[PDB]
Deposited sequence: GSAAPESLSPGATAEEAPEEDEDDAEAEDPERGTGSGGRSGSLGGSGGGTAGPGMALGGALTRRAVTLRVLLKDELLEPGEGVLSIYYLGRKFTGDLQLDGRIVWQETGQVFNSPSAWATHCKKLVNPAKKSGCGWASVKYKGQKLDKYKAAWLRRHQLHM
């Protein structure tokens, strides 16, 4: 039963909002809005992403195109999404 941002928002481990997702890589700050459907809006361009890993690999490739590869890079209100994946596996 693979864990998605949709499960988390539904099972209330997360709350949707503007500029609640962030990535720091080699000096560039990326900020993301979380929609109720769990899709991510990159503020800078408004381009929509389906998964943390989609958004993270797009952003990191802009800074270092050699970077081949989500839940460890993307933070939600100061904490990594993995801790929110973990939290859910413990509740369910």
item	value
Unmodelled intervals of the deposited chain, in order	1 to 63, 133 to 134, 158 to 161
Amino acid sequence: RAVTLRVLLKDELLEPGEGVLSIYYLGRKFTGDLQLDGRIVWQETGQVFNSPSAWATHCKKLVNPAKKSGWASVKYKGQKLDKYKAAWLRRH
From here on, numbers count along this sequence of modelled residues.
property	result
Between the two ranges 27 to 35 and 58 to 66, the one averaging a larger CA B factor in the entry	58 to 66
Position of residue 83 among the chain's modelled residues by C-alpha B-factor, lowest, middle or highest third	middle
